[PDB]
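I have a structure I would like to understand better, so I am pasting it below and will then ask my questions one at a time.
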Amino acid sequence: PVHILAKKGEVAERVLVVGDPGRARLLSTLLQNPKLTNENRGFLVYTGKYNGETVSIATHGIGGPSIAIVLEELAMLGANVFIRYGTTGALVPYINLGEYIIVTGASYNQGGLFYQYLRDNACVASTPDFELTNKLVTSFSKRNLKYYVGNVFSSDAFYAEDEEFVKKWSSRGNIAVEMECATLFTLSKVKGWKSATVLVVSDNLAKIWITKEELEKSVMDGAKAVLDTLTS
Amino acid sequence: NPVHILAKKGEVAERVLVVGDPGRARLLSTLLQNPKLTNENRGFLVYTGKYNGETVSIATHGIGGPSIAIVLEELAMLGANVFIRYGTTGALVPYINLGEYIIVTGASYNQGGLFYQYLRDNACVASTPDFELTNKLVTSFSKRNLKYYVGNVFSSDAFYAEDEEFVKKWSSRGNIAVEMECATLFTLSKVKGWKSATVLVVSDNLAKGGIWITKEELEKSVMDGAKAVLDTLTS
Amino acid sequence: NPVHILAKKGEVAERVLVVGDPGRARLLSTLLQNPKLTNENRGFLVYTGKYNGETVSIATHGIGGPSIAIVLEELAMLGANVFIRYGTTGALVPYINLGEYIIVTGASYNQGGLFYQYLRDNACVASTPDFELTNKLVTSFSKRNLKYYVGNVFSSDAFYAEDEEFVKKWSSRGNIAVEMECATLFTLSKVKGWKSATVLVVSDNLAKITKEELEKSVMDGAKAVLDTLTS
Amino acid sequence: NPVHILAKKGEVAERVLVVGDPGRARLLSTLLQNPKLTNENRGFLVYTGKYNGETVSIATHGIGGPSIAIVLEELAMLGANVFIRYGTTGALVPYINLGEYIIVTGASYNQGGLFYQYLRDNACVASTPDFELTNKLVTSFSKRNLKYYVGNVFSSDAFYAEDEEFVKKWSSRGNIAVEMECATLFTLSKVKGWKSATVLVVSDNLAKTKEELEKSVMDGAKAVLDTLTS
Amino acid sequence: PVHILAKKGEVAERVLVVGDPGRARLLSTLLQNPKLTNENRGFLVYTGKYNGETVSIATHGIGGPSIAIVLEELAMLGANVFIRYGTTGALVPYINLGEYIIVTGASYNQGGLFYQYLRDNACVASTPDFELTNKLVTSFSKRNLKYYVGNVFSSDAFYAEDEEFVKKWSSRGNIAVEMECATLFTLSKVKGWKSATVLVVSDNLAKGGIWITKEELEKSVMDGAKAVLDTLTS
Amino acid sequence: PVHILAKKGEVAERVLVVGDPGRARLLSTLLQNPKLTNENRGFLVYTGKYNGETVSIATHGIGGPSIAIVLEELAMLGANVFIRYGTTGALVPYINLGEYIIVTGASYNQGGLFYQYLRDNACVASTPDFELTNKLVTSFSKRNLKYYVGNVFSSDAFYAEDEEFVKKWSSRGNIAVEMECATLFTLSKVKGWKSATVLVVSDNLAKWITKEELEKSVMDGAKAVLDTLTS
């Protein structure tokens, strides 16, 4: 690995991955005896314990290309179970800010990364691990958190998401938009990793405002449910 | 109005078990209370009756995405909105035995044709079944103590273009079996607002040509599984 | 060993008239001498008999390219090598009336899974019928004084996505009708070495007849096709 | 006004025999009665004269789809509506001999720029000749006792990329020869409403005397002219 | 070679390539003791001297498939440096007829020729030789000629270039449209040839209200040819 | 902007963009009175002066999607001139570690990002600003730095770059591989920004360097880039 310079043995088999380095640092305060095992290229990785289990929290940056590199290197250091915890923009009006979306599949446009890894443009089913996803639903229900289960569209161009865009994807059965799930699910299917994803709704493209104190609380509550699942 | 499924108003139930083979539609109809044949046009047999006191239908969809799309579209026009496909499949991994079941979590497919016509472009839309309904099937099958696996399948359009290279390609991509209608079922359902799921009976194993099963043992498997599916549709 | 068409080898003729509707296969079998039902599996009815001093079979192919591909492949494994599809179609031009016929000279299609799986890439391989066989059809229909038009058709994969925008698009591309199996039939036949053709009965005009007038049209056309198959 | 074919309106016939080589256009013009050179701009030689009671033109189209598309479009703007391409080709099957003829029934092609610009998407529109006109060609060649074969051809865009793997791929796809302009001719004609067809002279066999070739080219040209005026 | 029938040593290493054979013959008058080395299939090729340097002027016809054949055969005959000198239609209103465009890259729709040569649909960078292109800039500025530097769209369908077409390509950074540059640049990068292109603006699709006469245009072609030949013999 | 939380006026019109946050911090020491104007999501942005001009040094992360977001937001805050200074893997054996590559174009695989922005799969010419690129060549020559001018392939999958890969792209006129140039150039053409790129060779995929020799290389090239940006 040339991006994540963590020593083997410093990365856990169970990893909670987030796009924002700031979130990784904030969430590391939920672990027992957290240690920073990497900061190279801004990809902060922390390792500690939770519920009698060793767990790491890693930063993946923005986009498929970035998360693909991070996952490949974490896997080379020992990781094989990944739960992405990010933020997303809702594509339907009934979902409120601060609520959660447990992902069951990812839509995506063919090309680049997918062509290079798959060798052709076939539409491979981009889905998370069945069991791990059901465990997430169980954990979020236990903590009485408001969630929705559905597919999301993994976009590669944040600034090309206009109004035509929103009705198009919502009409295709997607309830939110983000940028890394399709890459995570497909690469995991190919590499044999167990992955899942939970997202915090930070905006609604179909429809409200969220402070930041209510948002930080949302992030924190969801993180605890994710860690519960990872260490089950 | 429908031009293939010639049924009248109120004859088609909201919940439907769809199968590809008309022979299987007829055989499974014997599991219902007072089965009535509501359609036979173009060979697409459809039966309507009761199971556990609930009204339900069993419909034939023929082979391939173009065929099942027409049948789903017309059944929906007749009032159907919940579909559980119950078919057969060829396993793509060595550890799955004949007669066992696969509860589908998603479908891989090659772009083009039907999808381009419905989606208007070549984006890879997530082709997945209804989350809740799929979990209900898992519960139902484990209750009847039936051996099943949960995973993705590849929905092929060319039965006779499935060679060895084919098997390693799709199995390496997270698919554990191959059939021909799930991708169309799931995608059209997501776009139309229908609730769908799929359970398949393993009738062959492309990764293990040495194993075989008789129609007696297979028919037995089909029957046991049909009960589990019907329990779910009427839950 | 075929898993859809369970007819015993020798029970399928080298010459086959294929139709999508099982009901039509049953009805047309009455045009053969000493007709025998050689297959019923999966609803794919297949009858074999004689006509004009030759053995001939009438087979059901179902709806769509994936369905007809399977049927053609298995009939061929059983000895068939000449296929003439007889179906129904919706005209894309206003001057063609219901009940008239269309002898197909080529098929337009959208790039898709079936063609990619068989061709291995996205090349637009010419999807055309056998030239000689197609001319024989023209001769047979002309002999029976039947009104027909020759031209290309679009083989759609999605019946319920054919809107008005659809009609202008394909008619401006040189197609005079729409159906769902010709492209698959023609392309597979060229790759496999089979001799194939197609005649269609216009049952609807998307740009502009009693069940008794239609039924007569179907029957009259079937006779022309059988004459061709045994010419 | 057309910017490549500078012929005056009336100087181009409704019936046109099109060839890729300007040298062939010139040579074949001697088969016409009272031939007149109506254009030479950009090297696209066009002659117009008479044959069997009808006015007929012989036009040069250059090499490749982009070139023939431009020539056909401008000839049409000048009054042409029936086109028969007469070219040379390389057989893809060993049983066809040099100097023999191939009457084209369809053209295979790779999806590409020209087709996308004209069709607006990647659909594989049937690239076929006019059925009636093609049958007339068969009749003319048969009457002159010439040896021909009917079949599909692959319209290649890259002459120098046709390796051995190439021969196997296209021959197994139902094509009996390779050339470069038929797909463009057929598809554009179907969209524009023109009546077109093609006859080819086999100048090489990729699977297996110039005095005999000249004879073959001339004999075929007469059969094509008979067809255009039939 | 089966199209360009020249013998060993008759084709120069440096070649000025043009689409119109009429232009090839006309420009040959700028050479010392020009000799016609080929006329087969209409592809006129002349070889002579400029500034005491041996060079050739060759015809390539219209379109990617045509220029590919010509370049491949000229290269088989010994050519390795190509400078295309043709005509083009501007896609922006501020460019006047008779002015010049020095090409920095070519946009194109995938398929056909590119798929056959590249074996897939990757968008390979279609650009000219860096050094040669800068030589042309120096030469044109030296002869005080008005020119613009930018990318062009290499179209395959002349009669499918409507107005929507103009806004689409101009919004993508292309200032003109022609039909051979993408093929020239890509094939050169793959084959190892040194190539570049200068185009004379003969029309403006963004401004249909401007025109030029064959007199003023011929003068434009001539002046530009001198600058190109100066570069080819530098 | 929701990623780069800097106020308009804190981002310069001239920007030197790098992928590594650490490089941005290191290179900021070359500016006069550097100020950190953003750190959100890890995208460090510094703004200071150099040769009488105001300039910013911004972090863009890894990949097309990431740099596209950063460029769009920097532009919304006033930026219109961008010079990417990154690292790259050489695809040809004659280029040594620590040497530089001035980019003249970028090859790429269609799909995703490009389809969303361009609305189709056309291969738009992904090239830098002609003038700005020539200014870079002049600056590197002046500082007697060893450089090569050529095209690069912008890959989206770092871990799919095998041996077959190297020969393929090298045979297509590309002398190095990186991941952001195609996005930078194409988006710049569409948005009307002036962009260019210089890369430090950190690996050679066709054919070693410590780190001190490398840091020296990065530093020397950064000064040449800043000279170009402020000319």
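A, B, C, D, E and F are the chain letters, set down in written order, and residue numbers restart from 1 in every chain.
Note that in this section a contact is a pair of C-beta atoms (placed from the backbone, for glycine too) under 8 Å apart; a residue touches a chain by one contact, two chains touch by 3 or more.
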Query: Between C-D and A-F, which chain pair is linked by more C-beta pairs in contact?
result: A-F
- line: So, in whole Å, the Cα centroid of chain D is separated from that of chain F by 51
Message: Report the inter-centroid distance (CA atoms only) between chain B and chain E in whole Å.
response: 59
Field: Between chain F and chain E, distance of the C-alpha-averaged centres to the nearest whole Å
entry: 31
Query: For chain B, what residues touch not just one other chain but two or more?
result: 109-111
Field: Chains in cyclic order, anchored at chain A, direction fixed by chain B
entry: A, B, C, D, E, F
Task: Note which residues of chain E are touching chain D in the complex, please.
output: 3, 19-22, 40-42, 44, 59, 61-66, 68-69, 72, 108-117, 155-160, 179
Message: Help me check something: in the complex, which residues belonging to chain F touch chain E?
response: 104-110, 118, 121-127, 130-131, 134, 149-151, 171-174, 189-190
